[PDB]
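The residues making up each chain are set out below.
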Amino acid sequence: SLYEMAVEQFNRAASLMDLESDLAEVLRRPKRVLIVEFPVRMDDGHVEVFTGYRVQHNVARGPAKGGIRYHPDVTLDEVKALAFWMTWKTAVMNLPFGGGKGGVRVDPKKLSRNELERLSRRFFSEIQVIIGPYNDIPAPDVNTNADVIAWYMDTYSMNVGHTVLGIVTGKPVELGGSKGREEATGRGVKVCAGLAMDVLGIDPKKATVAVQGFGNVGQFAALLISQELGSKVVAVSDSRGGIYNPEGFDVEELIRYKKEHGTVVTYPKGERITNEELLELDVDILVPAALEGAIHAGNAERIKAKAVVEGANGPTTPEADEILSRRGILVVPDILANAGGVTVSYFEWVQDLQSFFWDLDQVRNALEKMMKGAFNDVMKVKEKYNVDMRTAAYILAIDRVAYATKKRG
Amino acid sequence: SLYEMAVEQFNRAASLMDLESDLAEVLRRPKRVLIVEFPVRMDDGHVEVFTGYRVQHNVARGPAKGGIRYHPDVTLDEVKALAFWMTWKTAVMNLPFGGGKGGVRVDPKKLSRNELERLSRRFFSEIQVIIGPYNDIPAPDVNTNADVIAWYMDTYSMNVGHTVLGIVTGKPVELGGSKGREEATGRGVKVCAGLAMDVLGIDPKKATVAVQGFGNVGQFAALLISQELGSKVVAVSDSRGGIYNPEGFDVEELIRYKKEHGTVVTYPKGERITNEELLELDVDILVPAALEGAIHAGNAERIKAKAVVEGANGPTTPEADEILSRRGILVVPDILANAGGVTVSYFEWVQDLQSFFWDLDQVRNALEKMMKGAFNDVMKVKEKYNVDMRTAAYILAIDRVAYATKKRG
Amino acid sequence: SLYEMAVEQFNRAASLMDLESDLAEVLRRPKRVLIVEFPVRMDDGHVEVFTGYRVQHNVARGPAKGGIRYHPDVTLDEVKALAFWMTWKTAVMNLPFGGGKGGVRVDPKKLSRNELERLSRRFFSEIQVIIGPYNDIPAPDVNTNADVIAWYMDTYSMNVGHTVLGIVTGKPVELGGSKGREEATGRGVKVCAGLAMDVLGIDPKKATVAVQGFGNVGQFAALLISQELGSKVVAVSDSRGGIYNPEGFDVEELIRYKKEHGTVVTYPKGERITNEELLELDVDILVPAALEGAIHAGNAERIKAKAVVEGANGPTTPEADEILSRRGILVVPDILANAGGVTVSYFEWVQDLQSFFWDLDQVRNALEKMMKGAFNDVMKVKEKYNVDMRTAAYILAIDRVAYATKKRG
Amino acid sequence: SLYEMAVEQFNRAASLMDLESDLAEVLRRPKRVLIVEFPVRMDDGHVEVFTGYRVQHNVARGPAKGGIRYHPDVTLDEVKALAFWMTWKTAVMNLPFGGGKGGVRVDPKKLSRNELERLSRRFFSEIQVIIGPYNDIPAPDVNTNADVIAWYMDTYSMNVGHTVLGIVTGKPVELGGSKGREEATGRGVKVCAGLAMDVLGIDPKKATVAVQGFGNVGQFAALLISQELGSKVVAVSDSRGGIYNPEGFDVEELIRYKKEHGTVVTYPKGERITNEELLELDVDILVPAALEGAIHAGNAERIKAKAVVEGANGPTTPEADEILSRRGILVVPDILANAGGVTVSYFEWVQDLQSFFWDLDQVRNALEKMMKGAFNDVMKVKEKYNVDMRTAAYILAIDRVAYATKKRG
Amino acid sequence: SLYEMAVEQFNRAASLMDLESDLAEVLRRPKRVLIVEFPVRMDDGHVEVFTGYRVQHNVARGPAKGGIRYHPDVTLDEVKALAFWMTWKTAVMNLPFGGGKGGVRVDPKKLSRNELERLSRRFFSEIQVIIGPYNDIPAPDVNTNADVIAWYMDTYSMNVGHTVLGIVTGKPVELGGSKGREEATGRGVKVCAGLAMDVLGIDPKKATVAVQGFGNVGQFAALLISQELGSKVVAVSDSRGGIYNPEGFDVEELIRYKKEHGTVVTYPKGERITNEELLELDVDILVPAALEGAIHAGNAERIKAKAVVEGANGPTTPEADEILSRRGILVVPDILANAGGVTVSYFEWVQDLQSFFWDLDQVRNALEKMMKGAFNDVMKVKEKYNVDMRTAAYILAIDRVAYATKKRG
């Protein structure tokens, strides 16, 4: 199952390091799993029961951190796996958080604003027993945004008996949120992209970048890499097709174009190329910020990119990993690359605790500071074990979590 | 699955009464299900993780009530089902409790006293988040006794910061328990047996009773029916065979015999007969207090008993039910018959809350009082819907639970 | 103002006893007054703000006790006065409670079930900050019933995080309520009536009783006096007219008659008389259980009743008091007479605390026991001060409250 | 030291029974000892610091119970010893309490009402951290009465944020107290005296009783023994001398005499004798309810009393014990005899928890019921070990506490 | 009434923006209003009851913030109004606070230090139920200072059971306070004055300033504007008269002069002019930091000042507003101008939460940073709606509060 698959990856890195067998078991199994069946009064007066989950995998390093999903196709297994990942994701970034995830099996598109609100409130009222600013801090994810998160924050505060606002992250700025939240993920990819160029000895000013996908990650990535690093973004791709141009695109125009025209396709001064073609472009850095399995067995052999900065989750398949590593192509692991999102949520949580908020610049500096740190920390482990950067990242994560559990008892 | 089967029985009674569809759903689905993976340090210094569960099906009528199981073969489904039953069991007896159950996948026989204690403490520390004297009150069950329950009580009290003793029932008498705990179940069977004789116009003094099984329920039932009702206990059976004697057995001698000789078999002045044979005895009342499916398809047609007082859980299969009812043979539902145990746990909880303890007599009177009440209440519904007493019991339970939910909102 | 008038009556009794001036002030002024403006979402999606109040006059003797009102014409002043009364009402009965009252300025008839529920929940969520089973225990009153009270109970429990059910009284029987709740007030009147007869040397068997009004109070009062005391109920009056018959009415028939016919008027075998005429009936006991100022200046001089058992609030005007007392006509004060309602709410609270519920008989015995006690206690004070029984009741109440404050500090 | 001496007595009984060495140590040593130095603002504006203590010896069986002392000569050692005693005293009576004691080094006679109140409030505010209705329930003792106890109750309630009244016992009746409080101790002595006569085959009607001391214990004991048992109280003694008369005194007149005349000395129809002489009177039962060491080495040999019911603490010295036992003179241990006070405080605590109060008769019945029980329970142990009743009482107490600890873990 | 007048001003801005009617109502009405009548023991042993209030207008944006008043003439209405203002004042500054205010009807000058302390403690003990570091944080105001505030902080901490120090602001520096507290208000005026010059294109070095009033606000404002901005302070006025000098006054000497001489009047090198005359001075900036209605109808037409920076509350009457705006004279609204005080209290609360305190410089930088921000924010709205800056400030405030409520639900 999806969870078992995640565990399998853990086992690999676990074998590379002398981790006590008995201890490993506690690291695999999740601490808590709460399943709730809650009634919600529909607009037409009829009650309808929904199924929701909240899983806290590990709390050793600190309060469980993880988003909540609203999707009709959500299995407990999916939740467990995602929570499992969170533990390692927070650990690698060196954040004082644990691993958590939650979700309600519901199709938000079939529910009206009111029904959605009531569902969200009843849900948060149900898992409240297990959450808390110092226990479990939820956040947005698939089909959940600042608005839903705001309801959560409000429901908790009203239930507890005082303004909390540290119970969830990803809240509206003018209600406890943090600046830089949107660009967060992209900036992470930007930092990693830069450092990737550094170890490869590539001069950013001359560096060529190709980004697969143009969502939040893809856009901000391509934008910041361009403006801040000076790399020439030669190609981007929408969920329909991509555009190429060795002269370099003006990311700003591309974003505006996509906003005014569903896709970046048809954009003037851009040779149309298919997404599969983009991955094989002769560029220095390839930033796959679109779908899973993008870089797979067939592509692997033909990828001319010197470094792969995984902007999205699982763009490169394990099969591809072996080949890319074999070819000497550096693949910066997603858990490190896109971690920028979590890094900022942490900053939000901090600001909330002390009710004092930092300005954009501060957030950016702190975000990049930790990114460079985590990157270097992973590289150290990489050299020490002589493995793929991804595996190294997992080893570091597993190591840190193990230490805390050992020291604690 | 086992849970789905329980649900199915619920649906039957739910159809007999005009229960709102939307509402029925909330009654089917359990409120909370907590799954925990907790480490326990084994005597040989190695840590071992165990899987534990605690399910609160419905809290509408009051704090969730339900025992905890220690067994290697325990699936969440089993727990859910048993919790589901608890809700209806408490409701039928008219106790201010909800439905709950819990268990840890572990074979106690492979663990030493110390390891067991540590496991019990860690378990209760894990589910503590959800339990409470006014939320969920656990109790003993398979492979858990007063000693284990005592550790629970102690662990909670020490964790919370003050003596609680109302967090769990079935504790040692000289530590918060209640008198009559042991005979509780049997006395219930005794009351029901008497009332059954009343509705059947059978004079107890002439009444003949046959009890299958000689565990806690079997012994106390057979003894109390004999002593208090005067009915002639003509046959009892051990998990090896049974003994018959129309002259009647001196239950006291039988109990002593079993205590000094593993089985009641071989007992002098007792014609040896098989368990299956005992069920087919020409007796007024048959009290099956042994295993499930005792009374099944094959037996059904050949049961000469005028009434069946289910001392155990599910002795009569649904197939047998149809036949027995068709033949006009009265079958007192287990949820009512053996509920005596829960009824007394309630009394314990009460005594604990006010820290004043009642003497044996009081407990007995209160236990019988509520038993006669619940019996009659079930009978009323039976006549009103003209169905099998079991079905009636379920209707009553479902009705009460629905009322509370409606009135509450 | 209404409050000031209540205070004035207090001052009278306060002057009769050497009550420390500085202390008297604290007894006059209420401890807390909470005014809330809360939004409620109406069915048509529009929000509407309502004004609600909760006043705890005195908590010296115990947690504040008092009902909640839903009425468009409700001034803070009305609440303050009512709360002021509660203090002395509970004290005279010798109950461990204080004085409280609350209300929301709203016309329930213009609101739909749903809107009412939401309003009730948000109201209880607002005054929650000040209430509590050991702080302030609300109860039903004008336009609020067991159903509304149930919502309160549910709202508190879900807010706090566990079943409370002791946060409010007057809840449905199968949800924490107490038996005898309905007849409570009437039974109080019954006990008072009997004792009034006893002091007057009147034999109840020959005693003639007239009841002005046929509401909850009047009905049960009349019925119980009839069946239990044996007094001939010669007349009763609906809110339209009254019926008289020296032979004595069969109260049961009268009740059923009213249930099938909006008024007791037109009832066969009953000489029609006006309400004003009933008060002037040549009867031993007059039980005014209808409206305020019933017995006023004009009536006073012409009342042939030997004793007046005030079943309702303020039936006799102060002017009438002076005259009645001057004429030697005993007037059992309402705070003592109709206190039966409060006395039972106390018993409900008790049962709730220990989650064990008493049966009807117990409640009745306990209610009458305390009534006889309170009556005699007032009589002792009456004789000691040689004043009107009403004044005596006030002195006793003020005395008890003062003692607690003094001893506490 | 005083503590060590107490421990020494424990060791005796501990040796008689096979008590695990390692366990015994936990039973000797006190769980908590809190020493506080708190400022108190004196009337003349100057601050003065006082030293206060609160010791919780053992909480195994339940919340620590024990009085508080106000005395200039109070050493921590004294407190520890007294606390140690409480544990065995509650245990022998079979009460769900632990052992506690406290005190403030201050001479109340040098403090004004106001200063005393402030001191009491500050003290209770200081030890609050450790006390609680389910943790530690203080009570009155030397130089502390219902009035001081009331301040405590008030201070706790106001501090916590709600009426508690279960935080301390010995409160005013009209403020949470219980009836029978005063006579409690005496009644205990009465029951014990009766049972003593029963074991000695002495007919109470003919039994002669001599009481050394005429304080609360002496007066009530003598009174009840006379009225309820019918035994002839032939002598009583004040703290100045005693009076003798074989005809039997009219205790009531004696009480009134003392209230009107400081001592019972000079009372007509009473042959004046010295306290030492009274102890040597040829009476069936000697009830020493005065000072410590009354019955010592010199007296021992010359005591003609058939049984000694220790109304006070330590009247008979250990030396005297050996001799009395050797002579076959039964000595009912004080921990059992005067335990009546504690037994009633328990009842008070109970009533407080459920806010429902019992009437005098109920308290009396419950008090005597438990006394007879405790007596018989001690007797059983006495016969089983063939030791002095005092030692037996200690064994029983030690046993019960040991069981709780073992079962708990 | 005063409240209604405040509401009227709200309505104006509310009409300029499309604010939902139903929503507007919730913004007008206050959430909570607590009225308490508490006893206080006077030095001469007599108890005296005082009336106190605490109103929490809106908590949508965060914990209610507002000072407490000690004044014999304090009506609930005044409190409500002031609380109403606080909501908009905090919102305009963009601080995570709500609106609150409180007061006790008492003349501190008639009370001795001791009595005052006791009153303050009992008051805070009473409103405690509603206050809290995350609920409502009081602060000093009329007749209340750091000393009184310290008592509060101490009372709360001692009551709760741990050092809080974040329960109130304006505490002594060496006890949780913040540096810059005194000059706070003045610095705000300083910043606003500077920005006013900027928008008017006036060079600060040449700028002329006249300050009506020489209290805390006037002094620091004049001094800081002089030293930090370089503006020529040509005139200042005491509560008796003013002094003028085109050469520019040495503010330091003036302050020293006033400290050694009750008024700045008589000061050498200063042409004496009346306060009314000062307002009509031909200066670039007029900073009215004295009394209300200073600039009224009569003055309006003759004011030669290019900009008015309201250092005090309501110096310019609404009538004057219309005229000044008509004449194109910029009037910086007080809610923005003197907000500096609240801005610093926020900083104090922040430091308290994390127990780490910032140095003077940091405070200053943060204070001015937020001031410039708030100013510009208001200007943006001013231009967008083309209205008086004051109205704009109100629109901004109402807008922000509206958003929070909408997003929350």
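Calculation criteria
- Residues numbered from 1 in each chain as written, not as in the entry; some residues may be left out.
- Chains lettered and ligands numbered in written order.
- Part of a larger assembly, values for the part shown.
- Heavy atoms only, no water.
- Helix = DSSP H or I, 4+ residues; strand = E, 2+ residues; numbered from the N terminus.
- Rg over C-alpha atoms; globule rule 2.2 N^0.38 Å.
- Buried < 20%, exposed > 50% of the residue type's maximum accessible area, 1.4 Å probe, protein only.
- Contact = heavy atoms within 4.5 Å.
- Domains from an automatic or database assignment.
- Buried area = accessible area lost by both parts, 1.4 Å probe.
- Salt bridge = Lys/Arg side-chain N within 4 Å of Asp/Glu carboxyl O.
- Polar contact = N/O pair within 3.5 Å; in protein donor to acceptor, adjacent residues only side chain to side chain.
- Nonpolar A, V, L, I, M, F, W, Y, C, P; charged D, E, K, R; others polar.
- Least-squares fit on C-alpha atoms.
- Pairing = 2+ DSSP bridges.
- Axes fitted to C-alpha atoms, helices over the stretch in contact; angles between N-to-C directions.

This deposited entry lists X-ray crystallography as its structure determination method and 3.0 Å as its resolution.

Asks: Where do I start with the overall build of chain A in this structure?
Replies: Regarding its fold elements, chain A presents 15 helices and 12 strands. Against the 2.2 N^0.38 benchmark of 22 Å for 409 residues, chain A shows a C-alpha radius of gyration of 21 Å, consistent with a compact globule. Counting only C-alpha atoms and orienting by the principal axes, one finds that chain A spans roughly 60 × 55 × 40 Å. Burial status across chain A gives 62% buried among its 409 residues. Long-range pairs, those at least 24 residues apart, make up 69% of the contacts in chain A between residues at least 6 apart in sequence.

Asks: Would you take a moment to explain the domain arrangement of chain A for this structure?
Replies: It is common to give the size of an interface as the accessible area that goes away when the parts come together. Residues and elements named next belong to chain A. Domain boundaries in chain A define domain 1 (32-175) and domain 2 (176-409). Measuring from the centre of the C-alpha atoms in domain 1 to the corresponding centre in domain 2 gives 27 Å. The interface is formed by 31 residues belonging to domain 1 together with 30 residues belonging to domain 2. When the buried surface of domain 1 facing domain 2 is broken down by residue, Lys89, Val92 and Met93 rank first, second and third, together holding 26% of it. Linking domain 1 with domain 2 are 2 salt bridges. Between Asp352 and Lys171 there is a salt bridge; the shortest N-O distance is 2.7 Å. If you look at where domain 1 meets domain 2, you find 12 residue pairs in polar contact. Broken down by element, the residue count for the side of domain 1 that touches domain 2 peaks at 9 residues, all from helix α3 (residues 76-93). Here the residues of the side of domain 1 that touches domain 2 sort into 19 nonpolar, 7 polar and 5 charged.

Asks: Before we go on, may I ask you to explain the relation of the copies chain A and chain B in this structure?
Replies: Each of the two chain copies goes to the other by way of a rotation about an axis and a shift along it. Expressed as a screw transformation, the operator carrying chain A onto chain B has a rotation angle of 180° and an axial translation of 0.2 Å, and the superposed copies differ by an RMSD of 0.2 Å. Both copies of the chain, as the preceding transformation shows, are related through a two-fold rotation axis. Considering only C-alpha atoms, the part of chain A nearest the rotation axis is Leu34(A), at 2.3 Å.

Asks: Looking at this structure, I do not really get the arrangement of the chains. What am I missing?
Replies: Counting contacts across all 8 pairs of chains that touch, the top-ranked interface belongs to chains A and B. Across the gap from chain A to chain D, with no contact made, the nearest C-alpha atoms are 16 Å apart. With no contact between them, chain B and chain E keep their nearest C-alpha atoms 16 Å apart.

Asks: Sorry if this is basic, but what is going on with the interface of chain A and chain B here?
Replies: Counting residues at the interface gives 21 residues for chain A and 21 residues for chain B. Three residues stand out in chain A for area buried against chain B, namely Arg29(A), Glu37(A) and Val129(A), and they jointly supply 25% of the buried area on that side. Put simply, chain A and chain B have 4 salt bridges between them. Linking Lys31(B) and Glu126(A) is a salt bridge whose minimum nitrogen-to-oxygen distance equals 2.8 Å. The tally of links from chain A across to chain B stands at 13 residue pairs in polar contact. Elements that contribute at least two residues to the side of chain A that touches chain B include exactly α2 (21-28), β1 (32-41) and β2 (47-58) of chain A. In terms of residues, the side of chain A that touches chain B owes the most to one element, β1(A), which gives 7 residues.

Asks: Explain the sheet that holds strand β5 (residues 136-139) of chain A here, please?
Replies: In sheet architecture, strand pairing relies on hydrogen bonds along the backbone and comes in two forms, parallel and antiparallel. Reading across from one edge, β5(A)-β3(A)-β4(A)-β2(A)-β1(A)-β1(B)-β2(B)-β4(B)-β3(B)-β5(B) is the order of the 10 strands in this open sheet, with mixed pairing throughout. Edge strands, defined here as strands with exactly one partner in the open sheet, are β5 of chain A together with β5 (136-139) of chain B. Strand-to-strand twist across the sheet, computed as the mean angle between neighbouring axes with direction ignored, equals 20°. The pairing of strand β3 (residues 64-70) of chain A with strand β4 (residues 98-105) of chain A spans 5 bridges and is classified as parallel. Directly across from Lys65(A), in β4(A), lies its bridge partner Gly99(A). The sheet contacts of helix α4 (residues 113-126) of chain A involve β1, β2, β3, β4 and β5 of chain A together with β1 (32-41) of chain B, and relative to β1(A) the element is tilted by about 140°. On the sheet, helix α3 (residues 76-93) of chain B packs against β1, β2 (47-58), β3 (64-70) and β4 (98-105) of chain B and is oriented at approximately 155° with respect to β4(B).

Asks: Sorry if this is basic, but what is going on with the pattern of salt bridges here?
Replies: The final tally for this structure, using the stated rule, is 168 salt bridges over all chains. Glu117(A) is the salt-bridge partner of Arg121(A), the closest N and O atoms lying 3.1 Å from each other. Here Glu117(A) and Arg121(A) lie together in helix α4, a separation of 4 residues that amounts to about one turn. Classification of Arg121(A) by relative accessible area gives buried; the value is 17%. Two residues, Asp321(B) and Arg390(B), come together in a salt bridge whose shortest N-O distance is 2.9 Å. Of this pair, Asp321(B) sits in helix α11 (residues 318-326) while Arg390(B) sits in helix α15 (residues 389-408); the two residues are 69 residues apart in sequence, bridging distant segments of the chain. In this structure, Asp321(B) and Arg390(B) share a single accessibility class: buried. Among the ionic contacts, a cluster of salt bridges with common partners joins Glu183(A), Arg187(A), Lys190(A), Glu228(A), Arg364(A), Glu368(A) and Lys372(A).

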